[PDB]
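Below you'll find the structure, written out as structure tokens, and then a few comments.
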Amino acid sequence: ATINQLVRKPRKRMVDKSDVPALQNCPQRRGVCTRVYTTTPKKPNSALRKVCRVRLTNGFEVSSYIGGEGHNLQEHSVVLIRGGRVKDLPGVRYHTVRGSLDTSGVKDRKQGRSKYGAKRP
Amino acid sequence: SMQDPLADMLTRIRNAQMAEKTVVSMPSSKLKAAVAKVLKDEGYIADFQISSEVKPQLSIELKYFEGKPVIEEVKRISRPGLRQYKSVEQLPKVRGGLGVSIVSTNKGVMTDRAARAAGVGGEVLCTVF
RNA sequence: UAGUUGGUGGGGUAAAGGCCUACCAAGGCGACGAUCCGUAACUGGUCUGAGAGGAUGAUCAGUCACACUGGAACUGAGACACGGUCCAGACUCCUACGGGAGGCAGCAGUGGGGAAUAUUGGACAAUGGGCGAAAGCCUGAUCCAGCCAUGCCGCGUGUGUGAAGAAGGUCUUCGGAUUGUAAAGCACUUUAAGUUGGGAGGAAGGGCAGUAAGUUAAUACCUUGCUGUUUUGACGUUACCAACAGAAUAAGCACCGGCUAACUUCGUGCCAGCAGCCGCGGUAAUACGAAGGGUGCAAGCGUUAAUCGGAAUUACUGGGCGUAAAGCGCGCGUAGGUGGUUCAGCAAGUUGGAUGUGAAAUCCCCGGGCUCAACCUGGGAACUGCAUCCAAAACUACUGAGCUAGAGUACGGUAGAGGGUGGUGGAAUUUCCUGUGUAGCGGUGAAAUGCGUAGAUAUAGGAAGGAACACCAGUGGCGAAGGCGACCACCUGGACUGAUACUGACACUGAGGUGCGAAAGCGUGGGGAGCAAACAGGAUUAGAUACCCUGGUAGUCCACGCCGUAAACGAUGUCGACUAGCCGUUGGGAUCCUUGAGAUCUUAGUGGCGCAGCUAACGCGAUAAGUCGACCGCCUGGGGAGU
RNA sequence: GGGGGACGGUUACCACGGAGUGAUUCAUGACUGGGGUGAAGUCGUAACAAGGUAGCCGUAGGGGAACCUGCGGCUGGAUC
RNA sequence: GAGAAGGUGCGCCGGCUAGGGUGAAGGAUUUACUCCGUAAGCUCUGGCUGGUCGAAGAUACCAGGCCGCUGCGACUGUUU
Ligand SMILES: [Mg+2]
Ligand SMILES: [Mg+2]
Ligand SMILES: [Mg+2]
Ligand SMILES: [Mg+2]
Ligand SMILES: [Mg+2]
Ligand SMILES: [Mg+2]
Ligand SMILES: [Mg+2]
Ligand SMILES: [Mg+2]
Ligand SMILES: [Mg+2]
Ligand SMILES: [Mg+2]
Ligand SMILES: [Mg+2]
Ligand SMILES: [Mg+2]
């Protein structure tokens, strides 16, 4: 474009938005849980992923993901969620911190214990 | 209706050194007749002649040190509609000081090596290698 | 938008003003974005970047705005006043029920919210403020301690010797390899932490006494030099120094399939699980879970959140538009952008210089202090700016005068389906009339529906009516594009070509705005030959709304008005200038020996090949997508959606 | 005694509050219109070769659904 | 639609201040059923400021109830 057009209508830089729309500019967030589904992934895998649905303190009702190897998460129990985009499942955009409030980590684990929250033997 | 005369003198020079011509003849002015004087003293053409009466011409003879010509590129800087003005600090240097750059100063049309010695800025015209 | 925008007269305030009022006048602002909506305290600076820029305004500093909510004035040098006054409201508390009281967005602290943020400290010794200057008195600003790996910078967790290469571990071709001089063993070392002793600097003063100067009428008082004497520290067990103990007091965290430094066994078998992207796992997994080994960093390491880089991915520096996304359907034209050629003037741009400024800090450079560094600090540069003066005059602007190469006019002359209004033809189709004549016609891969002795098709004669315009006809013409083919009259636009005079830059492009817009369709009125969506029947067909067959209405045609889109195509905006060739063709002048089936050259069109050059390639290539200018339109992953 | 002053009275200005009619913005609503995805399933076979009737673009009419037909345009059209 | 809805002003007594219309004392002169044009008067409009009286100022008779959804018939009209 010529110079005499950019004087009349300057170059307006396009903007993005957050891939984590909930927890507005904060790294963690707590919420109480509602339902513990066990859903199935997309096509090229085969598994049965474990998904909980959380109502935060913002009022939002978003699904989440639970890692590890076994969870004690009965309903109406507080958790502490954080971001993280699971490629496999649809609609899942949040992980869940282990060992923080109620989830209490995992057991008999000796590689990468600061992830999943395990102590030192 | 041509809007810029001096970007037409430089266009005929660049084209004639691909048809391997020797003499080029374009209409003249009191600015084009001063630019070709500068290209002669730096040395890119042979000579030039202002030879007519009511449509005065400019006949330029070109050089060939090789099959490749002596001028390899040339571009207009202060195109009409940009009007590039430079002081002595921000005055450019082409190819580490091996090309020439023609700057219209307060003391006449002179090259970049001359006005920087005199300390007079001005308006750039072209960057001939 | 009606104190709204000016004027006048009078008030009002430290001070100019519609600040206020009384009449006068009908103005003012706006596409250079007023008005309105949504959000946000700005700035010196911080964070990235090579740079241009991009985000962002914690601590420190300057300015503004508030002090439970909404008002209002007083006092005063100066407030429309955070610990003042009055009022209204909301909310707590007191009461003898009549009435009262209060405002932590001061320092601590509690409750609440939250992913998340500290002690109800110590003092006036220092620097400062207020009052009194006579010392003193106040100070939750200051100066200091407490808490928290919250960050940057520094130091420890020992050093040397030591191969029977020990056990022990893991792997193995069963030979060994590896953990590994690493341990153990032996010889030394003691910073920090612990313990003991010592120990500055932050202190300037004040009191008291003495003395000398000047004040004076009176060296009485008092002020000032100076001397002498006495007194003062929150920090504080100060930094710092010496001695003693002994190797004792002190290492994790992620990762190891590719990007990417670093690997093999054991469980598991499309399960559990992994993941920043590619993607691994179905019975041998260097990707899941473990075990050895190894690599990165260290008093920290990892994930998440959030900005700038990489992103030439909003391209000013620094990109694109024939087919990848991207050139309006074409014109004319206002605001605006750009300007052929000679002088002359001027100095608004432009360059050079001087002065005033651009707070201090921060960043950068050279130094100086803390055992080093972070940290503190002296001097300089810089802060790209804005303003006032002085000079230069090439280019742009402005002004004055010219010139004819752009552009336009006058004069001959050709070529054309360029428009509009009427008129007139000939061939063919159909309907109708009439004669002759008599059994099928028509249709199709093949048939059937249909039409026929109530005389069809054929064939001859006649009448009426409607629309299209063979051959010429061609990469041929004309038009701004859509478009435009019978012949003649009638009005009427522009282009070509030659000669010659004149005007003397009168030009280009064009957001908004104005027009002309195929076909289908829509409105009122005409008109009804053929063709033919919708439809009807036959056939084909598992099925056939479809293709094919026999029929057949709106429409196609005309007048008037509307709609505005198309593969509206050269998938290529308009305008101007340069760049090897060859073969065609429309129209027009040339030159030329002349008989030419002539010759060559030159403009205005329209075609086929082709060198440089460009292009991702295909391919364009004097009718550019080549080399360059002036203005405009437009593009930013696919769907969602031109919705 | 005058002058002057205060207090009362009264007008102006003004906050709270009350009234009517509008905008605009979120929160939600029986039933409806599409879109994206999925992995089962049914009905077909429209498009890509002359995809078995050459495709597409505009427009109208019709149809379970891809789509079919009409009028005009296009080569991004292949056989000769 | 619509005088939608809905709201304010209104009495007497003065103080000022804009006019409007007739008119004629005179002149123009066409000299007479003529053109222009005053004063004073009567008359009809208004303006902006004071005072004042009452629970009450279009003080009596006189004279719109308004708005939101929906059926049917375009309307004014005519009919036992
Ligand atoms: Mg960069
Ligand atoms: Mg506090
Ligand atoms: Mg001391
Ligand atoms: Mg030790
Ligand atoms: Mg593993
Ligand atoms: Mg960039
Ligand atoms: Mg134009
Ligand atoms: Mg500074
Ligand atoms: Mg076309
Ligand atoms: Mg197009
Ligand atoms: Mg009725
Ligand atoms: Mg009756």
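Ligands are numbered from 1 in the order shown, chains are lettered A, B, ... in the order of the structure tokens, and residues start at 1 in each chain.
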Neighbours of ligand 4 within 8 Å, counting only C-alpha atoms (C1' of nucleotides) and all ligand atoms, as a list in words? residues 157, 158, 247, 248, 249 and 250 of chain C
Let me see if you get this right: every residue at most 10 Å from ligand 11, counting only C-alpha atoms (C1' of nucleotides) and all ligand atoms, written as a list in words. residues 72, 73, 74, 75, 76 and 77 of chain E
Selected residues, N, CA and C atoms (P, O5', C5', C4', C3', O3' and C1' of nucleotides), written as a PDB file, in the first residue's frame, please.
```pdb
ATOM      1  P     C E  72     -60.391 -12.838  12.365  1.00  0.00           P
ATOM      2  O5'   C E  72     -61.662 -12.194  11.673  1.00  0.00           O
ATOM      3  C5'   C E  72     -62.935 -12.791  11.823  1.00  0.00           C
ATOM      4  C4'   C E  72     -64.029 -11.768  11.718  1.00  0.00           C
ATOM      5  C3'   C E  72     -63.897 -10.777  10.585  1.00  0.00           C
ATOM      6  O3'   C E  72     -64.294 -11.308   9.337  1.00  0.00           O
ATOM      7  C1'   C E  72     -64.477  -9.640  12.566  1.00  0.00           C
ATOM      8  P     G E  73     -63.532 -10.873   7.994  1.00  0.00           P
ATOM      9  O5'   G E  73     -64.141  -9.451   7.647  1.00  0.00           O
ATOM     10  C5'   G E  73     -65.517  -9.308   7.347  1.00  0.00           C
ATOM     11  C4'   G E  73     -65.944  -7.865   7.381  1.00  0.00           C
ATOM     12  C3'   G E  73     -65.112  -6.891   6.577  1.00  0.00           C
ATOM     13  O3'   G E  73     -65.371  -6.947   5.183  1.00  0.00           O
ATOM     14  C1'   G E  73     -65.583  -5.962   8.686  1.00  0.00           C
ATOM     15  P     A E  74     -64.207  -6.628   4.122  1.00  0.00           P
ATOM     16  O5'   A E  74     -63.820  -5.118   4.429  1.00  0.00           O
ATOM     17  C5'   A E  74     -62.745  -4.471   3.772  1.00  0.00           C
ATOM     18  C4'   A E  74     -61.979  -3.596   4.731  1.00  0.00           C
ATOM     19  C3'   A E  74     -62.704  -2.396   5.296  1.00  0.00           C
ATOM     20  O3'   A E  74     -63.686  -2.702   6.266  1.00  0.00           O
ATOM     21  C1'   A E  74     -60.556  -1.745   4.655  1.00  0.00           C
ATOM     22  P     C E  75     -64.907  -1.683   6.489  1.00  0.00           P
ATOM     23  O5'   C E  75     -64.197  -0.476   7.228  1.00  0.00           O
ATOM     24  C5'   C E  75     -64.887   0.716   7.505  1.00  0.00           C
ATOM     25  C4'   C E  75     -64.002   1.922   7.356  1.00  0.00           C
ATOM     26  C3'   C E  75     -64.775   3.217   7.222  1.00  0.00           C
ATOM     27  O3'   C E  75     -65.129   3.758   8.474  1.00  0.00           O
ATOM     28  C1'   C E  75     -63.197   3.074   5.478  1.00  0.00           C
ATOM     29  P     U E  76     -66.661   3.778   8.917  1.00  0.00           P
ATOM     30  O5'   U E  76     -67.229   5.048   8.171  1.00  0.00           O
ATOM     31  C5'   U E  76     -66.697   6.322   8.443  1.00  0.00           C
ATOM     32  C4'   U E  76     -67.344   7.367   7.587  1.00  0.00           C
ATOM     33  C3'   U E  76     -68.854   7.323   7.494  1.00  0.00           C
ATOM     34  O3'   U E  76     -69.512   7.844   8.635  1.00  0.00           O
ATOM     35  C1'   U E  76     -67.949   7.640   5.351  1.00  0.00           C
ATOM     36  P     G E  77     -70.907   7.228   9.132  1.00  0.00           P
ATOM     37  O5'   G E  77     -71.651   6.788   7.798  1.00  0.00           O
ATOM     38  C5'   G E  77     -72.648   7.608   7.207  1.00  0.00           C
ATOM     39  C4'   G E  77     -72.993   7.131   5.819  1.00  0.00           C
ATOM     40  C3'   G E  77     -74.268   6.319   5.694  1.00  0.00           C
ATOM     41  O3'   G E  77     -75.430   7.124   5.617  1.00  0.00           O
ATOM     42  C1'   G E  77     -72.529   5.239   4.524  1.00  0.00           C
TER      43        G E  77
END
```
Interatomic distance, CA of residue 66 in chain B to CA of residue 38 in chain B (Å, one decimal): 22.4 Å
Skip range 43-60 of chain C itself and residues of its chain fewer than 5 positions away, then list as a PDB file with N, CA and C atoms (P, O5', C5', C4', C3', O3' and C1' of nucleotides), in the first residue's frame all residues within 12 Å of it, counting only C-alpha atoms (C1' of nucleotides).
```
ATOM      1  N   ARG A  13      -3.139  -3.490  14.142  1.00  0.00           N
ATOM      2  CA  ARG A  13      -2.634  -4.812  14.464  1.00  0.00           C
ATOM      3  C   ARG A  13      -3.722  -5.641  15.125  1.00  0.00           C
TER       4      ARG A  13
ATOM      5  P     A C 306      -2.729 -16.518  30.211  1.00  0.00           P
ATOM      6  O5'   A C 306      -1.853 -15.193  30.223  1.00  0.00           O
ATOM      7  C5'   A C 306      -2.298 -14.064  30.950  1.00  0.00           C
ATOM      8  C4'   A C 306      -1.205 -13.055  31.169  1.00  0.00           C
ATOM      9  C3'   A C 306      -0.416 -12.632  29.955  1.00  0.00           C
ATOM     10  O3'   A C 306      -1.121 -11.769  29.091  1.00  0.00           O
ATOM     11  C1'   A C 306       1.049 -12.953  31.756  1.00  0.00           C
ATOM     12  P     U C 307      -0.838 -11.845  27.516  1.00  0.00           P
ATOM     13  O5'   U C 307       0.536 -11.073  27.341  1.00  0.00           O
ATOM     14  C5'   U C 307       0.626  -9.969  26.460  1.00  0.00           C
ATOM     15  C4'   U C 307       1.800  -9.094  26.801  1.00  0.00           C
ATOM     16  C3'   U C 307       2.932  -9.085  25.791  1.00  0.00           C
ATOM     17  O3'   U C 307       2.680  -8.224  24.696  1.00  0.00           O
ATOM     18  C1'   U C 307       3.807  -9.353  27.971  1.00  0.00           C
ATOM     19  P     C C 308       2.669  -8.793  23.197  1.00  0.00           P
ATOM     20  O5'   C C 308       4.095  -8.404  22.632  1.00  0.00           O
ATOM     21  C5'   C C 308       4.613  -7.104  22.831  1.00  0.00           C
ATOM     22  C4'   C C 308       6.098  -7.145  23.040  1.00  0.00           C
ATOM     23  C3'   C C 308       6.872  -7.887  21.981  1.00  0.00           C
ATOM     24  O3'   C C 308       7.050  -7.157  20.794  1.00  0.00           O
ATOM     25  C1'   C C 308       7.643  -8.536  24.106  1.00  0.00           C
ATOM     26  P     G C 309       7.387  -7.944  19.445  1.00  0.00           P
ATOM     27  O5'   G C 309       8.953  -8.169  19.530  1.00  0.00           O
ATOM     28  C5'   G C 309       9.606  -8.959  18.563  1.00  0.00           C
ATOM     29  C4'   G C 309      10.711  -9.784  19.158  1.00  0.00           C
ATOM     30  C3'   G C 309      11.135 -10.982  18.341  1.00  0.00           C
ATOM     31  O3'   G C 309      12.005 -10.627  17.287  1.00  0.00           O
ATOM     32  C1'   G C 309      10.951 -11.577  20.626  1.00  0.00           C
ATOM     33  P     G C 310      11.462 -10.511  15.787  1.00  0.00           P
ATOM     34  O5'   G C 310      11.874 -11.895  15.126  1.00  0.00           O
ATOM     35  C5'   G C 310      13.045 -12.571  15.543  1.00  0.00           C
ATOM     36  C4'   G C 310      12.831 -14.056  15.698  1.00  0.00           C
ATOM     37  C3'   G C 310      11.914 -14.727  14.700  1.00  0.00           C
ATOM     38  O3'   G C 310      12.552 -14.935  13.453  1.00  0.00           O
ATOM     39  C1'   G C 310      11.500 -15.562  16.882  1.00  0.00           C
ATOM     40  P     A C 315       3.771  -3.432  10.705  1.00  0.00           P
ATOM     41  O5'   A C 315       4.236  -3.468   9.189  1.00  0.00           O
ATOM     42  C5'   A C 315       5.340  -2.697   8.760  1.00  0.00           C
ATOM     43  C4'   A C 315       5.985  -3.287   7.538  1.00  0.00           C
ATOM     44  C3'   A C 315       5.362  -2.929   6.206  1.00  0.00           C
ATOM     45  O3'   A C 315       5.829  -1.682   5.740  1.00  0.00           O
ATOM     46  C1'   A C 315       6.026  -5.218   6.279  1.00  0.00           C
ATOM     47  P     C C 316       4.837  -0.439   5.617  1.00  0.00           P
ATOM     48  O5'   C C 316       5.686   0.790   6.142  1.00  0.00           O
ATOM     49  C5'   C C 316       5.631   2.025   5.456  1.00  0.00           C
ATOM     50  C4'   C C 316       6.773   2.926   5.839  1.00  0.00           C
ATOM     51  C3'   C C 316       8.152   2.302   5.812  1.00  0.00           C
ATOM     52  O3'   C C 316       8.701   2.312   4.510  1.00  0.00           O
ATOM     53  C1'   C C 316       7.858   3.535   7.814  1.00  0.00           C
ATOM     54  P     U C 317       9.392   1.002   3.907  1.00  0.00           P
ATOM     55  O5'   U C 317      10.720   0.848   4.761  1.00  0.00           O
ATOM     56  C5'   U C 317      11.806   1.736   4.573  1.00  0.00           C
ATOM     57  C4'   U C 317      12.861   1.532   5.624  1.00  0.00           C
ATOM     58  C3'   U C 317      13.408   0.127   5.741  1.00  0.00           C
ATOM     59  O3'   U C 317      14.409  -0.148   4.780  1.00  0.00           O
ATOM     60  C1'   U C 317      12.895   0.962   7.887  1.00  0.00           C
ATOM     61  P     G C 318      14.696  -1.659   4.318  1.00  0.00           P
ATOM     62  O5'   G C 318      13.258  -2.326   4.221  1.00  0.00           O
ATOM     63  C5'   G C 318      13.005  -3.373   3.293  1.00  0.00           C
ATOM     64  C4'   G C 318      11.730  -4.125   3.594  1.00  0.00           C
ATOM     65  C3'   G C 318      10.463  -3.289   3.701  1.00  0.00           C
ATOM     66  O3'   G C 318       9.369  -4.032   3.162  1.00  0.00           O
ATOM     67  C1'   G C 318      10.804  -4.474   5.714  1.00  0.00           C
ATOM     68  P     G C 358      14.366  23.129  31.955  1.00  0.00           P
ATOM     69  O5'   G C 358      14.217  21.848  31.028  1.00  0.00           O
ATOM     70  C5'   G C 358      12.932  21.339  30.717  1.00  0.00           C
ATOM     71  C4'   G C 358      12.988  20.266  29.664  1.00  0.00           C
ATOM     72  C3'   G C 358      13.681  18.973  30.042  1.00  0.00           C
ATOM     73  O3'   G C 358      12.863  18.127  30.828  1.00  0.00           O
ATOM     74  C1'   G C 358      14.335  19.638  27.869  1.00  0.00           C
ATOM     75  P     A C 359      13.502  17.223  31.988  1.00  0.00           P
ATOM     76  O5'   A C 359      13.598  18.204  33.232  1.00  0.00           O
ATOM     77  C5'   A C 359      14.847  18.717  33.650  1.00  0.00           C
ATOM     78  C4'   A C 359      14.832  19.077  35.111  1.00  0.00           C
ATOM     79  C3'   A C 359      15.536  18.109  36.042  1.00  0.00           C
ATOM     80  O3'   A C 359      16.943  18.284  36.056  1.00  0.00           O
ATOM     81  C1'   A C 359      13.434  18.688  36.946  1.00  0.00           C
ATOM     82  P     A C 360      17.925  17.135  35.509  1.00  0.00           P
ATOM     83  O5'   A C 360      18.295  16.292  36.799  1.00  0.00           O
ATOM     84  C5'   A C 360      18.950  16.902  37.895  1.00  0.00           C
ATOM     85  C4'   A C 360      18.563  16.235  39.185  1.00  0.00           C
ATOM     86  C3'   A C 360      18.808  14.744  39.244  1.00  0.00           C
ATOM     87  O3'   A C 360      20.151  14.411  39.528  1.00  0.00           O
ATOM     88  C1'   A C 360      16.632  15.188  39.989  1.00  0.00           C
ATOM     89  P     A C 361      20.898  13.321  38.622  1.00  0.00           P
ATOM     90  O5'   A C 361      20.073  11.981  38.876  1.00  0.00           O
ATOM     91  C5'   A C 361      20.242  11.256  40.081  1.00  0.00           C
ATOM     92  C4'   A C 361      19.069  10.360  40.396  1.00  0.00           C
ATOM     93  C3'   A C 361      19.026   9.020  39.692  1.00  0.00           C
ATOM     94  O3'   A C 361      19.888   8.061  40.272  1.00  0.00           O
ATOM     95  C1'   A C 361      16.890  10.002  39.626  1.00  0.00           C
ATOM     96  P     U C 362      20.870   7.193  39.347  1.00  0.00           P
ATOM     97  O5'   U C 362      19.908   6.471  38.308  1.00  0.00           O
ATOM     98  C5'   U C 362      19.064   5.409  38.724  1.00  0.00           C
ATOM     99  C4'   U C 362      18.225   4.891  37.586  1.00  0.00           C
ATOM    100  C3'   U C 362      18.994   4.414  36.372  1.00  0.00           C
ATOM    101  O3'   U C 362      19.493   3.104  36.532  1.00  0.00           O
ATOM    102  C1'   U C 362      17.206   5.783  35.683  1.00  0.00           C
ATOM    103  P     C C 363      21.016   2.774  36.170  1.00  0.00           P
ATOM    104  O5'   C C 363      21.023   2.737  34.584  1.00  0.00           O
ATOM    105  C5'   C C 363      20.212   1.810  33.885  1.00  0.00           C
ATOM    106  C4'   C C 363      20.155   2.144  32.421  1.00  0.00           C
ATOM    107  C3'   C C 363      21.499   2.253  31.730  1.00  0.00           C
ATOM    108  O3'   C C 363      22.055   1.002  31.376  1.00  0.00           O
ATOM    109  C1'   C C 363      20.164   4.111  31.157  1.00  0.00           C
ATOM    110  P     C C 383      20.416  13.866  22.386  1.00  0.00           P
ATOM    111  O5'   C C 383      19.040  13.778  23.170  1.00  0.00           O
ATOM    112  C5'   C C 383      18.343  12.549  23.264  1.00  0.00           C
ATOM    113  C4'   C C 383      17.405  12.553  24.439  1.00  0.00           C
ATOM    114  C3'   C C 383      16.427  13.709  24.491  1.00  0.00           C
ATOM    115  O3'   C C 383      15.315  13.534  23.638  1.00  0.00           O
ATOM    116  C1'   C C 383      17.418  13.423  26.610  1.00  0.00           C
TER     117        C C 383
END
```
Please identify all protein, DNA and RNA residues within 12 Å of ligand 2, counting only C-alpha atoms (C1' of nucleotides) and all ligand atoms, and report them as a VMD selection string. chain C and resid 104 to 110 120 140
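Residues of protein or nucleic acid lying within 8 Å of ligand 10, counting only C-alpha atoms (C1' of nucleotides) and all ligand atoms, are residues 327, 569 and 571 of chain C.
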